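Note sheet for the following structure.
Counting neighbours? That spans all protein chains shown, and the Cβs are built from the backbone with ideal geometry, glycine included. Each value in this text was obtained by applying a stated rule to the coordinates, not by laboratory testing.
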Amino acid sequence: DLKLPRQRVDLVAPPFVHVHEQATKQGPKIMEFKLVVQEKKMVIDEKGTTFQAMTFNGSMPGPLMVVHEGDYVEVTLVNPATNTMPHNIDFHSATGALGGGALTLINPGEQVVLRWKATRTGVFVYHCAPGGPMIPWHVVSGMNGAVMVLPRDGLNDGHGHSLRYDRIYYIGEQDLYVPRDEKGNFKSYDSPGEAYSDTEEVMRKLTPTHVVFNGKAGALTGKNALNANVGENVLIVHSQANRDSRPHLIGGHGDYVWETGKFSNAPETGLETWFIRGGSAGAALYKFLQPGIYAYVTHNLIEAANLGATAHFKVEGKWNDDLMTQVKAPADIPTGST
Amino acid sequence: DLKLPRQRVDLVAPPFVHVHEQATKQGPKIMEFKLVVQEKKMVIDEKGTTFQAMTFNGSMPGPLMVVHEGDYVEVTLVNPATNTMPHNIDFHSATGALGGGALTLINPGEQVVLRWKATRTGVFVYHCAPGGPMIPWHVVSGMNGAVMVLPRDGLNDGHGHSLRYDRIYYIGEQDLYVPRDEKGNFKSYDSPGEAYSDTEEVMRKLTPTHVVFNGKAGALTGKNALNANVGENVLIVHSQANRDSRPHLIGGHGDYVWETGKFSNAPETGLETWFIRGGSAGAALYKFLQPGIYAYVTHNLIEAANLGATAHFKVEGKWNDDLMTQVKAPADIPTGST
Amino acid sequence: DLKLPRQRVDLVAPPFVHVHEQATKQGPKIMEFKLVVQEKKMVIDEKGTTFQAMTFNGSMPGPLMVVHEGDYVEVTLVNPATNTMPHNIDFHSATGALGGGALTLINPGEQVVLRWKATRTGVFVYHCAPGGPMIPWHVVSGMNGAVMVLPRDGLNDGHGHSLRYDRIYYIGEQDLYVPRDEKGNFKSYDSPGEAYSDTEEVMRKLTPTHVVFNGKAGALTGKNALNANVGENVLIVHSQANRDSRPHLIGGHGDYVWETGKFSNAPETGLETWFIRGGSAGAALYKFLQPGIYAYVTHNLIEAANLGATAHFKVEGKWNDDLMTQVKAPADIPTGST
Ligand SMILES: OC[C@H]1O[C@@](CO)(O[C@H]2O[C@H](CO)[C@@H](O)[C@H](O)[C@H]2O)[C@@H](O)[C@@H]1O
Ligand SMILES: OC[C@H]1O[C@@](CO)(O[C@H]2O[C@H](CO)[C@@H](O)[C@H](O)[C@H]2O)[C@@H](O)[C@@H]1O
Ligand SMILES: OC[C@H]1O[C@@](CO)(O[C@H]2O[C@H](CO)[C@@H](O)[C@H](O)[C@H]2O)[C@@H](O)[C@@H]1O
Ligand SMILES: OC[C@H]1O[C@@](CO)(O[C@H]2O[C@H](CO)[C@@H](O)[C@H](O)[C@H]2O)[C@@H](O)[C@@H]1O
Ligand SMILES: OC[C@H]1O[C@@](CO)(O[C@H]2O[C@H](CO)[C@@H](O)[C@H](O)[C@H]2O)[C@@H](O)[C@@H]1O
Ligand SMILES: OC[C@H]1O[C@@](CO)(O[C@H]2O[C@H](CO)[C@@H](O)[C@H](O)[C@H]2O)[C@@H](O)[C@@H]1O
Ligand SMILES: OC[C@H]1O[C@@](CO)(O[C@H]2O[C@H](CO)[C@@H](O)[C@H](O)[C@H]2O)[C@@H](O)[C@@H]1O
Ligand SMILES: OC[C@H]1O[C@@](CO)(O[C@H]2O[C@H](CO)[C@@H](O)[C@H](O)[C@H]2O)[C@@H](O)[C@@H]1O
Ligand SMILES: OC[C@H]1O[C@@](CO)(O[C@H]2O[C@H](CO)[C@@H](O)[C@H](O)[C@H]2O)[C@@H](O)[C@@H]1O
Ligand SMILES: OC[C@H]1O[C@@](CO)(O[C@H]2O[C@H](CO)[C@@H](O)[C@H](O)[C@H]2O)[C@@H](O)[C@@H]1O
Ligand SMILES: OC[C@H]1O[C@@](CO)(O[C@H]2O[C@H](CO)[C@@H](O)[C@H](O)[C@H]2O)[C@@H](O)[C@@H]1O
Ligand SMILES: OC[C@H]1O[C@@](CO)(O[C@H]2O[C@H](CO)[C@@H](O)[C@H](O)[C@H]2O)[C@@H](O)[C@@H]1O
Ligand SMILES: O=N[O-]
Ligand SMILES: O=N[O-]
Ligand SMILES: O=N[O-]
Ligand SMILES: O=N[O-]
Ligand SMILES: O=N[O-]
Ligand SMILES: O=N[O-]
Ligand SMILES: [Cu+2]
Ligand SMILES: [Cu+2]
Ligand SMILES: [Cu+2]
Ligand SMILES: [Cu+2]
Ligand SMILES: [Cu+2]
Ligand SMILES: [Cu+2]
């Protein structure tokens, strides 16, 4: 019945994004994606703490899917027989059937195929939602990602000017609720099911033990810092499926920010810190003006520095002393100071 | 002195709203409302937990009052002699005297009459505020509601087009702080006064034990699901007098959202999740496009599924397979899969 | 090299602000400021609780710095030898080198001079950020303030009309994490270093023990209430370097609010409650219409009334009975009531 060209997309692991066009003159297509659920123990912090994760495609977050307004998105969701739990998928981008969750519940050993029309532009969360208390548990166990639905003319500033990014990164932020023993040490389990009761008790007190980008403390620091160059316009897509976040690029700004994440609304300009509502994605464009290290954080600095929520950008280029300069290096306070 | 026609309004219990006009050619009126304080033990969760509530008109939230810009609102607040505490009322819609709280403190056995001019359009919180620590306690005990002040021309999209709703619902969200004994069981008390000291200790740690719509977990699910039909534009007014919330309609969107709740500002379009600041009301319009069950949640999914904060809509109509379809029902994974 | 006139500014303690022009016909200048770090024990609540604070210029918050777009800001940061820790400064208004933190780390007995160009309009946080876990600790110990970068034409309403304030106040909100002993009493220490380990444990649970304006519970109440007059337009700058806040003027509104704090964006109009993202500053203009006491709060009322986060305005003038009136004072409920 639906007689449109089909295009298969190969997803890539965050924080990278699969190849796509911004502006397009192609007409609507059926864009075909595959997501495979993987339950596995994962390391989440720099001390080696593990937890029983549940993921789309083996990553936290799940991969970013990119389509254009008016495309149809045909998703095959696979739940391999090595998994222990039923899973499904809910797209905040989609209309009807609890975002697709009501049509995608699959037991281990099954797959399902859902199609949804991309009628709404923006970045949106997708997440597992099997029913009842399983909804938060699967989400906070890692089963969430995002999809971006671009206008066919690409982004704009809300005032009739096109905006084009040179690079895009997807930062998925995850709140984790890891059980502790009586002495405060994190507990380990042999399966997600075995971890559930203790995990739910932590969840109920609404205070995460970890808040991480790309699935673990330090994931996007060191050798996995995000690269850019002076003069490049970088789009940073940020999602949080369960809990608020307040992104901030230390030493930079958000030149154009869609904090609610929807491109039918004009972006705000020149922000210091923006706000991602739990259960949403947002996006910020920034043109780098200075080289060096930048930290990208949630600006609850306790979370950023002590719970895991810091990424780095490493930016190549020449320093601009007009924008900022050290006039006088650290020196002893003059004795003739009052 | 104030020589305007008077109109008595009969309030109704949430989530319904008293009859009113959207656009009106009537001139300003004195709109007369009565609120009666009721202290009573109420069931707040599906396991039968009770707590010592304090309410306007016997409901959590208090009823939605609806007037138009330039009306005067004359409120009789009654504190029956069966109550134990003084009470008052503060309208975030009103100008002066702490929103009216400074002019409305009444002991049991007393009533008071306040008039305020509706100079500011939007949805606004009202709440009790007797003074000092009694302010949070009365609010988190249930003494809060909302008022909507419509433009006389009804709603608009901020771009010169009228917006009209077919149905309106008022969802009041309440954070509750129920004491526990040493084993974790909820405690019961014979009066609000007896509950206070233990309740304040819970309040101080800023983590609710329950987060509910319309006064209890499950209030707006099952047989009390909210009704709508495909094609209807539904206005959902959401308030939270004390704590942030992040509303989301699962399987839908916010077509037009005033998250800060004030109709002098253009709405945002096509949101997935919006944000109600503690101490405010907001509103979202959505035109249903698909039949079925929708869950309306705060998108902290722990709160939604585990603390009580889920409502349902039941939407009648015909399914649109263009917007979404199950291409292939759950099936075994092909053996020839890699 | 940089051949512009230099102007020395003398800062004043919050909530007041140093003298400045709104609109200016002056060209760009090098605006010279000095900040001196002071570590000291400070009283933070009405029961006399102390804590080991770290401050810019002896105050929490640090002073508000005011410049215009295109000015250069040359800041001398001094760390006296009586201090125990290294300190630095990061300006969210500045571009590069982690906002200046990477160029300003000074040991006790040293000073440093940083210059940054004010290319972005708005109110912005500045804070200490020495590295790693020291970042949140220094911030939540008091080392944060704000800077305002005005357009050279002053404020506007986003619709081509100038806005001018008669008075400005800077409200810095601080979340504090004071250790308790086994019985719940707050602990005291002889130095910041000695307090660190216990303080970090509190910080990790993300629940403050105190939330205060201008450095202590009750700071801006009583004889230190903020003054205004009916008819005056008052700008209230609000910052929070670490944690969200939801400001509300009880009995008033935000006539024009920049909740994200950046003057390149049009303000929202007629708000009840607004939202300051942790790691940002915002600003609200209000024209007082009624005399009397107003409370300015974060509208988590537990925080406001029980954790310290209430300020007062005392407004002189004549009451307007058109806006609000007590029609009938408290009286016994008529016996002939049903
Ligand atoms: O012996 C505990 C010690 O070993 C580490 C190794 O990096 O991790 C082990 O214990 C953790 C806490 O139970 C587990 O999460 C992990 O699975 C296990 O290898 C340290 O983290 C831990 O302190
Ligand atoms: O708005 C994007 C997209 O949403 C649809 C529904 O699929 O329209 C919705 O939003 C419109 C514009 O705000 C409303 O007028 C409409 O009533 C509502 O369903 C699409 O038609 C539109 O392209
Ligand atoms: O956090 C409480 C308490 O637990 C201990 C071990 O007894 O440390 C645990 O908690 C730390 C904070 O989350 C982690 O850094 C560490 O991995 C974990 O074992 C104590 O060191 C701490 O006081
Ligand atoms: O890119 C940052 C990196 O560049 C160096 C020189 O290679 O210094 C530049 O950046 C500094 C600010 O971070 C400037 O103060 C300096 O003048 C400029 O040359 C490195 O020192 C720095 O890490
Ligand atoms: O015996 C405790 C058991 O009875 C229930 C009945 O539904 O409720 C009682 O105890 C609760 C906890 O103290 C009270 O809140 C309630 O008022 C009382 O009827 C169960 O909830 C409870 O577990
Ligand atoms: O704005 C709605 C309503 O507020 C009033 C005061 O009651 O005006 C306020 O807002 C105006 C427009 O933003 C400001 O110009 C004014 O100074 C401020 O008092 C009413 O006059 C107006 O209808
Ligand atoms: O929550 C702690 C602990 O308390 C128990 C009873 O000892 O359950 C209580 O708490 C549950 C979570 O809020 C409620 O579902 C129940 O109504 C309440 O009695 C334990 O079951 C739980 O481990
Ligand atoms: O309204 C939802 C309700 O309708 C039924 C048929 O009565 O199925 C419709 O809705 C489904 C999605 O929820 C579609 O997949 C189906 O094709 C459509 O007919 C019920 O199965 C469903 O609960
Ligand atoms: O004896 C404790 C008692 O004295 C007070 C005096 O106002 O403060 C003392 O103890 C506090 C808690 O340790 C300290 O923070 C403070 O430095 C010290 O003077 C009371 O607050 C306290 O309850
Ligand atoms: O926007 C204020 C200020 O920022 C600068 C950079 O210092 O420009 C940024 O914002 C512009 C307008 O949004 C973008 O076009 C530009 O690419 C970005 O660097 C200044 O040029 C401008 O005055
Ligand atoms: O808060 C727990 C518990 O501690 C006590 C003293 O044992 O009070 C402390 O905590 C109160 C709340 O923060 C403070 O008002 C007071 O300054 C502090 O000593 C108990 O009174 C309270 O139950
Ligand atoms: O400014 C508030 C202050 O003024 C007084 C009279 O001096 O009363 C005025 O304000 C009241 C509302 O707060 C009005 O009801 C009254 O009519 C008006 O004269 C004081 O009573 C009040 O504290
Ligand atoms: O599908 N839930 O475990
Ligand atoms: O300025 N960053 O924390
Ligand atoms: O009026 N307060 O309990
Ligand atoms: O998509 N709702 O959780
Ligand atoms: O400089 N840090 O303690
Ligand atoms: O209306 N103020 O809490
Ligand atoms: Cu799942
Ligand atoms: Cu969702
Ligand atoms: Cu009350
Ligand atoms: Cu209020
Ligand atoms: Cu410092
Ligand atoms: Cu910062």
> Hey, what's the Kirkwood Rh for the stretch B:245-338 if you take every pair of different alpha carbons, in angstrom?
Replying inline: 15.6
> How do the peptides A:236-242, B:151-157 rank, highest first, by the average count of neighbouring beta carbon atoms within 10 Å per residue?
Replying inline: A:236-242, B:151-157
>> Give the average, rounded to an integer, of partner chain Cβ atoms located within 10 angstrom of each Cβ in A:116-129.
In response: 3
> Roughly what % antiparallel, to the nearest 5, for the DSSP beta bridges in chain A?
Replying inline: 70
> Can you give the % of DSSP beta bridges in the stretch A:6-154 that are antiparallel, to the nearest 5?
Replying inline: 65
> Using the eigenvalues of the Cα gyration tensor, what equivalent ellipsoid semi-axes result for chain C when each is taken as the square root of five times the eigenvalue, whole Å, largest first?
Replying inline: 35, 29, 15
> Magnitude of the Cβ-charge dipole of chain B, K/R +1 and D/E -1, about the Cα centre, nearest 20 debye?
Replying inline: 500
> Based on the alpha carbon coordinates of the stretch A:22-115, what radius of gyration and maximum Cα-Cα distance (Dmax) apply, in Å?
Replying inline: 15.5, 50
>> Within a 10 angstrom radius of the beta carbon, how do B:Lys314, A:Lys47 rank from fewest other beta carbons to most?
In response: A:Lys47, B:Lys314
> Regarding the protein assembly as shown, what are the three Cα extents along the principal axes, ordered largest first, in Å?
Replying inline: 84, 82, 59
> Which order results if C:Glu201, C:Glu232 are arranged by neighbouring Cβ count within 10 Å, fewest first?
Replying inline: C:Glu201, C:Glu232
> What gaps in nm, shortest first, separate A:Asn156 from its twins in the other copies when you place the label 7 Å past Cα toward the beta carbon?
Replying inline: 2.2, 2.2
>> Treating the stretch B:168-316 as a set of equal point scatterers at the Cα positions, no solvent, please give the Debye-formula log₁₀ I(q)/I(0) at q = 0.11, 0.12 Å⁻¹.
In response: -0.46, -0.53
>> Can you give me the C-alpha center-to-center distance between the stretch B:5-69 and the stretch A:32-61, rounded to a whole angstrom?
In response: 48
> By DSSP, what percent of the beta bridges with both residues in the protein assembly as shown are antiparallel, rounded to the nearest 5?
Replying inline: 70
> Do the alpha carbons of any pairs in A:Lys183/B:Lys205; A:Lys117/A:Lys314; B:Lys216/C:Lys262; A:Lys117/A:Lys287; A:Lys3/A:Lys25; A:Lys216/A:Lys318 sit beyond 29 Å of each other, and which pairs?
Replying inline: A:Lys117/A:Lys314; B:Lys216/C:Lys262; A:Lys117/A:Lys287; A:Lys216/A:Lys318
> For C:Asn320, which inter-copy label distances result when the label point lies 7 Å beyond Cα on the Cα-to-Cβ vector, reported in nm to one decimal and in ascending order?
Replying inline: 4.6, 4.6
>> If I take every Cα pair under 8 Å that is 6 or more residues apart in the stretch B:6-152, average their sequence separation and divide by the length, what percent do I get for the relative contact order?
In response: 26
> Given Cα pairs under 8 Å that are at least 6 residues apart, what percent is the relative contact order of the stretch B:92-213?
Replying inline: 19
> In vacuo Debye scattering of the stretch C:104-243, one point per C-alpha: log10 I(q)/I(0) at q = 0.17, 0.18, 0.20 Å⁻¹?
Replying inline: -1.11, -1.17, -1.29
> In what sequence do C:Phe91, B:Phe313 fall when counting other Cβ within 10 Å, fewest first?
Replying inline: B:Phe313, C:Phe91
>> Label position 7 Å from Cα toward Cβ: report the copy-to-copy distances for A:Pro80 in nm, one decimal, ordered from shortest.
In response: 6.4, 6.4
>> Just checking the output field for C:67-76: average partner chain Cβ neighbours within 10 Å of each residue's Cβ?
In response: 1
